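*Asks:* Please read through the structure below; I'll follow up with questions.
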Amino acid sequence: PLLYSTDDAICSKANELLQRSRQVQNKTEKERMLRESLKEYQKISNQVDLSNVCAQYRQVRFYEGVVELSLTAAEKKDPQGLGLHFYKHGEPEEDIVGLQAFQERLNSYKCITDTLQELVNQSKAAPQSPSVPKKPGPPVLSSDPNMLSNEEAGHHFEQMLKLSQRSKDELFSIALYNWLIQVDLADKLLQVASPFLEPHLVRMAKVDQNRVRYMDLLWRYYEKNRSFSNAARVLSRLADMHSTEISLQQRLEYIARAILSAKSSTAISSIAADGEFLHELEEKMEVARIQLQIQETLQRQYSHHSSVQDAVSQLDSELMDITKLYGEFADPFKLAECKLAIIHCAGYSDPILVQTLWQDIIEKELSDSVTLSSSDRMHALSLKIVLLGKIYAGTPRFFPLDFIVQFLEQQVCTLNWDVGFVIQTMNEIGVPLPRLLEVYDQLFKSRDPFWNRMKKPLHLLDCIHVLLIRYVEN
């Protein structure tokens with residue numbers, strides 16, 4: 001009906017590919033004339049609709065058409081920098097207007113993957129010599145030159161890669177890679193190190209939801225540099241600030257970083273930002289290990305089989321906001337050792353508080369031991385106390401003898417054992433020996449109930465005398 005299209009976006013390319021098959025081979029005939037025709041006689045083709053025309057373009061290996069026509073496309077898509085702030089502005093689509101020009105960009109992305117698969121693959125014969133109906137897309141492999149110039153695809157690779165490495169702008173680099181680099185067998189983005197890789201990586205990291213998909217890549221690819229001894233440089237970026245909560249991986253990181261932890265080493269310039277932060281991380285590491293020990297006990301309890309009804313009233317509200325929450329509050333199993341452990345881990349200074357925690361701990365261990373003790377209640381007590389005194393480096397004001405001693409004398413009173421052995425438990429916990437003398441002299445005055453029955457003066461003085469002369473702190 002007189003219909004006539006002066007400029008054609010795809011018909012020209014379709015016809016030209018028909019001629020490429022029948023008249024002009026891209027690699028061996030009229031390559032420069034084909035480029036020039038591509039720009040000036042196929043300038044109208046510029047933007048090509050992913051269609052049958054593109055399917056017949058796939059069988060030939062030419063790609064200078066892809067890159068330059070895409071340039072003219074970004075010309076006919078972004079007239080004056082529309083693309084630059086498209087990503088650069090960042091997630092405004094939440095409306096009918098935002099998801100508008102994504103069309104044919106997502107199509108070029110999915111299509112690129114389709115092209116990657118079909119172009120990389122082989123013909124019917126190459127995967128299977130005999131040929132049944134042929135899938136459109138795979139390159140045919142027949143009557144290839146005697147010389148091993150048959151494998152054009154290899155330099156096709158080299159060419160397209162140069163295209164990636166070399167461009168006036170970033171248009172065919174960053175823009176057409178969305179559904180190609182996040183699919184199998186893509187090595188261009190990793191090999192290239194553009195000065196814009198890092199900013200896109202930080203932008204992806206900013207959103208936790210976006211970050212998780214790229215998280216393993218996010219740490220490495222984000223940093224061009226080895227980042228040899230980065231500690232909390234990705235940790236600030238790391239989401240949920242999850243240092244002491246899960247403890248099924250936090251300790252894995254703690255050990256795999258602490259068998260290299262270098263404190264006072266001057267590895268990183270900002271002590272306040274890295275040294276101070278990693279110091280807090282070390283405190284948190286103690287927190288996580290201790291809380292994890294709480295978890296392991298409560299989880300493998302036989303007396304407490306399932307843990308369905310108690311743990312979630314604690315976990316759902318705060319999983320691990322603060323250590324003392326679970327250390328002093330969130331332990332239905334009634335652990336008190338955790339309470340004083342977090343009073344040392346999280347410093348609190350009440351003689352009455354510290355003292356009561358001591359009594360609560362002693363009563364907890366004796367009660368558990370009667371229910372279950374390896375040998376002698378005192379021996380189980382020794383197990384627990386060395387465990388506590390090893391994880392916690394002793395603080396001189398935070399480990400007063402006066403507090404422990406009354407309960408130790410209570411234990412000697414209740415459970416009769418060799419006098420040298422209670423001395424061995426306290427001695428092996430590292431308890432101050434000067435304060436041992438001072439406490440055992442203050443306490444002796446007035447014959448306090450704890451020191452009654454005079455079990456030690458029997459042979460303790462002489463045993464400790466000989467023990468000391470041969471050896472210290474014994």
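Simple scheme: letters A, B, ... for chains in structure tokens order, numbers from 1 for residues in each chain, numbers from 1 for ligands in the order shown.
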Residue 297 (chain A): which residues within 10 Å, counting only C-alpha atoms, same-chain residues fewer than 6 positions away excluded, as a ChimeraX atom specification?
*Replies:* /A:291,304,333
*Asks:* To test your reading of the structure, identify every residue in region 125-290 of chain A that backbone DSSP assigns to helix (DSSP H, G or I), and report it as a VMD selection string.
*Replies:* chain A and resid 152 to 165 175 to 177 188 to 191 197 to 206 208 to 213 215 to 222 239 to 241 250 to 258 271 to 290
*Asks:* Do a neighbour search on region 443-448 of chain A at 12 Å with only C-alpha atoms, toss out local chain neighbours closer than 4 positions, and write the hits as a ChimeraX atom specification.
*Replies:* /A:401-403,405-406,409-410,413,435-439,452-454,456-457
*Asks:* Using only C-alpha atoms, which of the listed residues (A:324, A:155, A:166, A:61) sits closest to residue 25 (chain A)?
*Replies:*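 Of all the options, A:61 lies closest to residue 25 (chain A).
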*Asks:* Please report the interatomic distance between CA of residue 58 (chain A) and CA of residue 174 (chain A) in Å with one decimal.
*Replies:*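 Atom-to-atom, CA of residue 58 (chain A) to CA of residue 174 (chain A), that is 22.0 Å.
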*Asks:* Quick one: everything within 12 Å of residue 216 (chain A), counting only C-alpha atoms, minus sequence neighbours fewer than 6 positions away in the same chain. Send it as a list in words.
*Replies:*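 With the cut-off at 12 Å, the set is residues 201, 205, 222, 223, 234 and 238 of chain A.
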*Asks:* Can you tell me how far CA of residue 139 (chain A) sits from CA of residue 66 (chain A), in Å to one decimal?
*Replies:*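 Answer for the CA of residue 139 (chain A) to CA of residue 66 (chain A) separation: 17.0 Å.
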*Asks:* Closest to residue 171 (chain A) among A:144, A:441, A:68, A:158, using only C-alpha atoms?
*Replies:*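 Using only C-alpha atoms, residue 171 (chain A) sits closest to A:68.
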*Asks:* With only C-alpha atoms as the counted atoms, please give the residues lying no more than 10 Å from residue 356 (chain A), apart from itself and same-chain residues fewer than 5 positions off, as a list in words.
*Replies:*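 Result of the neighbour search: residues 340, 350, 351, 361, 362 and 403 of chain A.
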*Asks:* Kindly give the distance, in Å, that separates CA of residue 275 (chain A) and CA of residue 343 (chain A), rounded to a single decimal.
*Replies:*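 Interatomic distance, CA of residue 275 (chain A) to CA of residue 343 (chain A): 24.0 Å.
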*Asks:* Point out the residue among A:299, A:414, A:209, A:229 with the least atom-to-atom distance to residue 258 (chain A), counting only C-alpha atoms.
*Replies:*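 So, comparing all the options, the nearest one is A:229.
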*Asks:* Can you list, as a PyMOL selection string, every protein, DNA or RNA residue that comes within 9 Å of residue 455 (chain A) when you count only C-alpha atoms, leaving out same-chain residues fewer than 4 positions away?
*Replies:* chain A and resi 412-413+416+419+451+459-460
*Asks:* Could you save those same residues with N, CA, C and O atoms as a short mmCIF file (atom, residue, chain, number, x, y, z; two decimals), in the first residue's frame?
*Replies:*
```cif
data_model
loop_
_atom_site.label_atom_id
_atom_site.label_comp_id
_atom_site.auth_asym_id
_atom_site.auth_seq_id
_atom_site.Cartn_x
_atom_site.Cartn_y
_atom_site.Cartn_z
N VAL A 412 36.47 -27.01 101.64
CA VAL A 412 37.27 -27.89 102.48
C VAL A 412 36.46 -28.35 103.68
O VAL A 412 36.56 -29.50 104.11
N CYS A 413 35.62 -27.46 104.24
CA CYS A 413 34.78 -27.85 105.36
C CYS A 413 33.80 -28.94 104.96
O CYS A 413 33.68 -29.97 105.62
N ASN A 416 35.85 -33.25 102.80
CA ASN A 416 37.17 -33.50 103.36
C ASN A 416 38.08 -34.05 102.26
O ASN A 416 37.75 -35.06 101.63
N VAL A 419 44.79 -31.81 102.40
CA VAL A 419 44.96 -30.36 102.50
C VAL A 419 45.83 -29.83 101.37
O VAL A 419 45.58 -28.73 100.85
N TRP A 451 37.10 -21.08 108.45
CA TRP A 451 38.40 -21.61 108.88
C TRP A 451 38.31 -22.57 110.06
O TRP A 451 39.35 -23.07 110.51
N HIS A 459 48.87 -30.67 108.82
CA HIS A 459 50.09 -30.87 108.06
C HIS A 459 50.29 -29.88 106.92
O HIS A 459 51.30 -29.98 106.21
N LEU A 460 49.35 -28.97 106.68
CA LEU A 460 49.50 -28.06 105.55
C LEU A 460 50.73 -27.19 105.70
O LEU A 460 51.44 -26.96 104.72
#
```
*Asks:* List as a compact mmCIF listing (two decimals) with N, CA and C atoms, in the first residue's frame the protein and nucleic acid residues near residue 138 (chain A), meaning an atom at most 12 Å away when only C-alpha atoms are counted, but skip any in the same chain fewer than 6 places from it.
*Replies:*
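See part-v2.txt below for the written result:
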```txt
# COMPACT_ATOMS: atom_id res chain seq x y z
N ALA A 55 19.84 -14.01 14.75
CA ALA A 55 20.15 -15.43 14.74
C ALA A 55 21.09 -15.77 13.59
N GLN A 56 20.79 -15.25 12.40
CA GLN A 56 21.73 -15.40 11.28
C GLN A 56 23.00 -14.58 11.47
N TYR A 57 22.98 -13.55 12.32
CA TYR A 57 24.25 -12.89 12.60
C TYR A 57 25.13 -13.75 13.50
N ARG A 58 24.52 -14.61 14.32
CA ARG A 58 25.32 -15.43 15.23
C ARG A 58 26.20 -16.42 14.47
N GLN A 59 25.70 -16.99 13.38
CA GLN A 59 26.47 -18.04 12.70
C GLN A 59 27.79 -17.50 12.17
N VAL A 60 27.80 -16.27 11.64
CA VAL A 60 29.08 -15.66 11.30
C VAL A 60 29.74 -15.16 12.58
N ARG A 61 31.07 -15.11 12.58
CA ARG A 61 31.86 -14.78 13.76
C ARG A 61 32.16 -13.29 13.90
N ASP A 114 22.70 -16.06 25.58
CA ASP A 114 22.24 -16.98 24.55
C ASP A 114 23.29 -17.06 23.46
N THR A 115 23.85 -15.91 23.10
CA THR A 115 24.90 -15.87 22.09
C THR A 115 26.16 -16.51 22.64
N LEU A 116 26.51 -16.24 23.91
CA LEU A 116 27.69 -16.88 24.45
C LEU A 116 27.55 -18.39 24.31
N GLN A 117 26.39 -18.92 24.71
CA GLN A 117 26.21 -20.37 24.67
C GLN A 117 26.25 -20.93 23.25
N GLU A 118 25.48 -20.34 22.35
CA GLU A 118 25.43 -20.85 20.98
C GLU A 118 26.73 -20.64 20.24
N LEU A 119 27.33 -19.46 20.36
CA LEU A 119 28.59 -19.20 19.68
C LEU A 119 29.70 -20.09 20.21
N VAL A 120 29.81 -20.24 21.54
CA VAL A 120 30.88 -21.07 22.08
C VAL A 120 30.66 -22.51 21.65
N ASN A 121 29.41 -22.95 21.61
CA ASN A 121 29.20 -24.36 21.35
C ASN A 121 29.59 -24.71 19.91
N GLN A 122 29.44 -25.98 19.61
CA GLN A 122 29.73 -26.57 18.33
C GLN A 122 28.47 -26.95 17.57
N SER A 123 28.68 -27.38 16.34
CA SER A 123 27.59 -27.74 15.45
C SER A 123 27.02 -29.10 15.81
N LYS A 124 26.15 -29.62 14.96
CA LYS A 124 25.57 -30.92 15.25
C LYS A 124 26.64 -31.97 15.26
N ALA A 125 27.48 -31.92 14.24
CA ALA A 125 28.52 -32.89 14.06
C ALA A 125 29.53 -32.80 15.16
N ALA A 126 29.92 -31.60 15.52
CA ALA A 126 30.99 -31.51 16.49
C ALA A 126 30.56 -32.14 17.80
N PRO A 127 29.42 -31.84 18.39
CA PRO A 127 29.08 -32.67 19.53
C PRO A 127 28.71 -34.04 19.05
```
*Asks:* Restricting the calculation to only C-alpha atoms: of A:82, A:255, A:175, A:34, which residue gets closest to residue 17 (chain A)?
*Replies:*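 Selected residue with least distance to residue 17 (chain A): A:34.
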